[PDB]
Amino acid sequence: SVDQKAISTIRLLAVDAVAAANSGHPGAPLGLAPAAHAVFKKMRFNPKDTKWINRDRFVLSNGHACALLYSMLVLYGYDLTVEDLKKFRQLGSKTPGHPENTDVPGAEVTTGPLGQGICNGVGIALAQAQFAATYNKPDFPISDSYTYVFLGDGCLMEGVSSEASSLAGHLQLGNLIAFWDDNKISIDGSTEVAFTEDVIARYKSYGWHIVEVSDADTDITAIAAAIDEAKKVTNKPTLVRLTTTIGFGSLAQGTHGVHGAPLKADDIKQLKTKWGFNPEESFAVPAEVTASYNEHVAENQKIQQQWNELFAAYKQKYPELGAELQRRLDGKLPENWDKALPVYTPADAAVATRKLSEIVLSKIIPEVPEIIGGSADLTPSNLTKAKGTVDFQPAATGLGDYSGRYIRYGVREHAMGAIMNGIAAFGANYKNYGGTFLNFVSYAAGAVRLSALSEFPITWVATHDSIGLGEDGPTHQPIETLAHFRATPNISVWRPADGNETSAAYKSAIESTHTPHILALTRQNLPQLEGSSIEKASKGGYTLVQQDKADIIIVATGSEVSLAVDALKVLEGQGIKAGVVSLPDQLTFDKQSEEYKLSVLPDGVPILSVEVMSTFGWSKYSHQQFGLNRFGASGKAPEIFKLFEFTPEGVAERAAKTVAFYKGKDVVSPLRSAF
C-alpha cells in the first residue's frame, strides 16, 4: 500500500542518511517509522508556515533518532531537502546530529540531552492550555492544538522526565500525547540490566491515561486509534506504549549494536529488497509517497486558511482580545509597557532585590498578559507571585484555572527549567519565568544550557544569591554558580544592586527574544544607590561614581556595589581616590561598543573587582579580584561577611594593596587583549 511504501521510505531515508555520514543512530528511526507516519498523518501543520500558532506540535525527545525527524520534514516539504539529508552530521549542515530549533525548520526545541524533550512537550501543552483559556470564545476555537512527543527508555530513566510527568498529570494536560518507544534496548544492552520498573504503573500513578500498542512495528491502525482514544480523554495526558523492535528490519534488529552506529552495507541492501526498493539506490523518494503526503499538506493548509478567517472574525467580535492576540503573534510587547517599571531615588528605603523583583512583577504582570511564571515550591521566599492573580490549575481542582498566570512547579527545578523552554517554544510572545534559590538553579543545568543553545527568552528569578542568605549555610550559598552560567554562551546573568538596576534587569529579561536571563537576587536589604538609573544599568555596566583622578576603580555587582561605595569613603581617609563601576550584567556590557566599555574600564588605572563568590571571569574586567573561592558558613549573614572580610575596611585594605602593587607600572584596561 502507499502507507507501507511511505513507512519504508522513511526507514530507508534515515538509514541512508546515517550511512552517508558514517555516523549516527539508525535503530530508533527504524523502530519508530510506523508511529511517525501515523502521528504526522494526524497532525495539523503547514510546512510553509512553521509558526502557525494553532499547529499541532511534535517533539522528538529521543533526539539521537533525528534522522527520523529529518526524513519526515523532507517528505512533507519543509525547508529541508534530500540534499540536506545527504549532509547529515556534516559541518554547517541543516541536519545536525541532534535537532536544533535555531537551525532546523520544523524542530520545535533542541533535543539530544535525554529527558528534555518530554518536559518541553509538557511546557508546550501548558502554554497551549493557558493560551486557549485566555483567548478562546464560543464559536472561536482560536487554540485547540495537541502536543505529540516521542521518547525512549533513556528519557524515562532521567529524573527530569519524572518531575515533569508528575506535574503534567497533576495539571490534567489532556492535549499532551506522548509515545514511549518500548524496545527494551539502551546503550548498555537490555533494559533488564538497569530499568526493570513497571513504567505503565508509574504513569498511572501520576494520573496519566495509558494506551498500549503491542505490535507497533506494523500496526498503524492501532497507533491511529490510540491517538483518537487519547483525544477523548480531555483531563489526562496520555502515554502510548509502542512495543517496537529497535532497528526493525535490520539483520541486527533487537540489539544494542543497531542503536548508535551505521548499518553494514549488506544489511542495507537486504532492507531495500525486502521492502521493494532498489538496493543500488540511496535516498529514494517514491512519487506516490510524495503525492500522499502532499494531499495531507494541502488539507492542512486549507485548515490554516480557515483558521485565518476565524481569527479575522474573532478580531471583529472581540476587538480588544483580537488586537492583543495580533500584537503577540507579531512578537511585539505592549507599547510603552516599560513605563510600568518602578523607579527609585537615593532617598528611598533599602529593599532586598527579591522584594524589588516582587514589586516589578506586581506592576508589569497586569500590563503584559504574555508574562506567566511560577516557583519551585519557594513562592513566599522568592516572592514570585503577584497579589490578586490566580494559579494555573485545572478548574476541576478548585485551586486555579487554566487562565491563571502563576504555576506551582513543586520541588522540581530541572523540570521547571525545561518546561519554561517549552512555554517559550510555544510562541505567542510568552515571557515566562521560574523562581528558586540561586544555588538550586544548578539542579536544572541540563535545561538552562539548552535555553542558551535554543535562544529562548526564559527568566530565572534566582533569589538568596550568596552568603547574604545567612543561616541555611554552605549547602545553600552559591560560590561557583554565577561563574558557571556566565561561562555558558548566551546567558544574561543580572545581579542588580538596587531598585533601578532591578527594573533594568527585568526590562532586559522581558524584551529578550533570543537570550535567557538569570536574575540573581538578595535575601537581605540593600540601599538605593546614588548614581543608578534604568538608563545606565541597561548598558550592563556603567560608571556609578566617576573620579577623574582615580587611583583605583572598584568594579562590583549586586550587594557588593554598596560595599564598594562604603569602601570608597574609607579609602578617602587613607588618601586614596576611588571610582566605582556597577556591572549588573556582564553579557549586556560585553555587547556594548568598545568605546563605551573603555569609558567604564579605562586604561591607566588599576581595577579591583568585588563580588562575594568565585573570582572566575572577573579578570575580563579587573586587574585584581576580591571574591569568595571557598564554601560558606551557617550563621547570621553580617557575621559571615565579617568573617570573610567583605567589609568596607577589608575592601579598602585590598584596594590600597592594589594601588601599591601597580606603583611604577604601566596599566592598561583589562578590556585590551593581544588577539
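Between two forms, the rigid core is the largest collection of C-alphas that superpose within 1.5 Å. From 1 onward, residues are counted along the sequence shown.
Farther from the shown form on average, by C-alpha root mean square after a core fit in 7 other deposited structures of this protein, is 377-385, of the stretches 377-385 and 197-205. Note on 384-392 vs 427-435: mean CA B-factor is higher in 384-392. As recorded in the PDB entry, 401-409 is the stretch of 401-409 and 351-359 with the greater mean C-alpha temperature factor. Sorting the modelled residues of the chain by their CA temperature factor places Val2 in the highest third.
Annotation for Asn629: CA B-factor lies in the middle third of the chain's modelled residues. Remark: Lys620 belongs to the middle third of its chain, ranked by C-alpha B-factor as recorded. Among all modelled residues in this chain, the alpha-carbon of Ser23 has a temperature factor (C-alpha) in the middle third. Per the deposited record, the Cα B-factor of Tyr318 falls in the highest third when ranked against the other modelled residues of its chain.
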